[PDB]
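As a basis for the values below, the full set of heavy atoms in this structure was taken, side chains included, without hydrogen atoms, waters or symmetry mates. By convention in this document, chain letters (A, B, ...) are assigned in the order of the sequence lines, proteins followed by strands, and residues within each chain are numbered from 1. Every number for a ligand or one of its atoms is a count from 1 in the order of the listing.
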Amino acid sequence: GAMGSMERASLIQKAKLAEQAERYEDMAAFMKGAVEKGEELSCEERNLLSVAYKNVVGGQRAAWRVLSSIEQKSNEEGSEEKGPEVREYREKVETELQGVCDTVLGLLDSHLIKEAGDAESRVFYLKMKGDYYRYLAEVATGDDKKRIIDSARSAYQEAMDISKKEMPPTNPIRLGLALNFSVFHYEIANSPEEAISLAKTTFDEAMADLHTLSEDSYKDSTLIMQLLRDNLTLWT
Amino acid sequence: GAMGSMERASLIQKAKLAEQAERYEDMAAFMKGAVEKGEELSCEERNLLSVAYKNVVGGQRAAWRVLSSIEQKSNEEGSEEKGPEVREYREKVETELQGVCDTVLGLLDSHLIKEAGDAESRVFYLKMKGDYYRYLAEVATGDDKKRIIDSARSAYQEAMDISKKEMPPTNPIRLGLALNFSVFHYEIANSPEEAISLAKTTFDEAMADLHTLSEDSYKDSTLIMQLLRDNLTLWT
Amino acid sequence: XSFXXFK
Amino acid sequence: XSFXXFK
Ligand SMILES: [Mg+2]
Ligand SMILES: [Mg+2]
Ligand SMILES: [Mg+2]
Ligand SMILES: [Mg+2]
């Protein structure tokens, strides 16, 4: 309804223009409108959806971390009392972040995931579901933290099971999924050993499949493999 | 009223937090709220106001330029017709930019300028008035382009007249004013010779006043003087 | 390092 | 180059 009166193709065209203009809130709203047309998304369209919300929530996460750090310093020995403002503003940013995560999860649940029959689309969306519950987990502190974490884990696990059965080890979505599930284990689930094991196995199995690939696919796969190595270098 | 229920000091505190978090829309809304409390702004507070809206409108201007360039290419020999979307989205961004400029100009007119008695505050606000009419001029194409340009020129001129009478040649606000009026002449008013003359005279008169300054003021002044030189190198 | 942008 | 940030 926000975008209910615009053509699907026009929303896609404008999402690509907004990306070019680095207008990612606009990008996300256009792609939300496209999803709400009710048709499945093509591969390029799923990419646009992911890029848009990655950038929106990425700016919110960076701001939340800045403010959380300030708030934590305010609660140390020797820190003068500055009043409620830092907590209030952190909460404001946190609430808007949670709203963005909720919006993406709503799109996945109504009805992207249930209509996604192909391995590539179903794994793509389940990875997103894991990612956006992970972002909720990064800020969760109350009664529902454990359920939020388990919701991320469950989405990632279903995606991993499908990707293992249905996609080659070098597939970029399979690799980015494994990368992010490994980050979940390290940063969210207090399971650094699992994170390291997953990253290593993922890297080694892709290495052994590179020989099957074209020059262009090899470039795509080795790019994500380097992020696995970067994490392993950080974590070990 | 948006911010009507928050304390002035809390709005200022939250503006500084938003700057730290690179949340400049938030920053601007907090400073708009502070201005609407009705008290004059201190030097630091005027700075926060300017920084906030500089960043907001700066992102809009960058997006508008991207989209305008795409639109212009769409209107060339050989370009396939892509429909109304590029123009529509350019217009959307342009309208939001104009709304931001109008908001700043409204704050200046109600009632920052009329209460600003000191040279430093009055020149600061008049420079802003020139800047935000200049941003309106960058996108103006219809009946009011000439009046918008003359409104920028008039604001800049009044600020220059006060700064010349009341501030030393190295004062950072005087220098940034002259820099931007020179940019107005070059980019808006089709008067590159005036732009070059102003930049040169401004630089040479500040150079001759540096000897009066502390190490810290010298650093502040020479930073802006370098931008005058950078423009002169670009323009000649 | 996570990876949310394909090509 | 314009200049809109003082110190
Ligand atoms: Mg239709
Ligand atoms: Mg289907
Ligand atoms: Mg009060
Ligand atoms: Mg006064």
Side-chain angles (χ1 to χ4, degrees), chain A residues 8 12 31 34-50 81 83-86 88-89 104 106-129 155 158-159 161-163 166-167 171 173, chain B residues 1-17 29-50 104-129 155 158-159 161-163 166-167 171 173:
Chain A
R8 186 182 190 285
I12 300 303
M31 301 297 308
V35 166
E36 291 175 342
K37 295 302 178 184
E39 305 289 344
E40 299 180 30
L41 299 198
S42 66
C43 175
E44 176 179 8
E45 295 164 356
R46 291 193 294 276
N47 277 353
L48 290 166
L49 180 66
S50 179
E81 167 73 26
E85 289 90 350
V86 169
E88 283 166 358
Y89 187 44
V104 173
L107 293 176
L108 295 171
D109 201 48
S110 306
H111 300 282
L112 282 172
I113 287 171
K114 69 174 51 66
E115 292 299 355
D118 290 358
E120 295 68 33
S121 66
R122 189 168 190 86
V123 168
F124 188 97
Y125 292 133
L126 283 171
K127 176 189 172 300
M128 295 186 63
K129 179 175 191 170
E158 166 155 23
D161 296 342
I162 297 175
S163 71
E166 293 300 344
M167 281 159 239
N171 178 279
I173 298 157
Chain B
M3 302 288 177
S5 70
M6 206 178 306
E7 288 279 18
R8 186 182 190 285
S10 302
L11 290 161
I12 300 303
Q13 184 179 355
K14 286 184 191 180
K16 288 171 194 177
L17 288 173
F30 291 141
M31 301 297 308
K32 176 174 189 285
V35 166
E36 291 175 342
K37 295 302 178 184
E39 305 289 344
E40 299 180 30
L41 299 198
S42 66
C43 175
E44 176 179 8
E45 295 164 356
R46 291 193 294 276
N47 277 353
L48 290 166
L49 180 66
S50 179
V104 173
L105 290 170
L107 293 176
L108 295 171
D109 201 48
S110 306
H111 300 282
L112 282 172
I113 287 171
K114 69 174 51 66
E115 292 299 355
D118 290 358
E120 295 68 33
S121 66
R122 189 168 190 86
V123 168
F124 188 97
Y125 292 133
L126 283 171
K127 176 189 172 300
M128 295 186 63
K129 179 175 191 170
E158 166 155 23
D161 296 342
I162 297 175
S163 71
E166 293 300 344
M167 281 159 239
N171 178 279
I173 298 157

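Remark: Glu85(A) does not engage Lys16(B) in a salt bridge, criterion side-chain N to carboxylate O under 4.0 Å.
At least one N, O or S atom of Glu115(B), from either the backbone or the side chain, sits less than 2.8 Å from the Mg ion (ligand 4). The Mg ion (ligand 2) lies under 2.8 Å from an N, O or S atom belonging to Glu40(A).
When side chains are defined from C-beta on, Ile12(A) counts as touching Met31(A), because their heavy atoms get closer than 4.5 Å. Side-chain contact check for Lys14(B) versus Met3(B): every heavy-atom pair is 4.5 Å or farther apart.
Other residues, nucleotides and ligands contribute at most 12 non-hydrogen atoms within 6.0 Å of the CD atom of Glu39(B).
Looking only at N/O/S atoms, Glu7(B) comes nearest to the Mg ion (ligand 3) through OE1.
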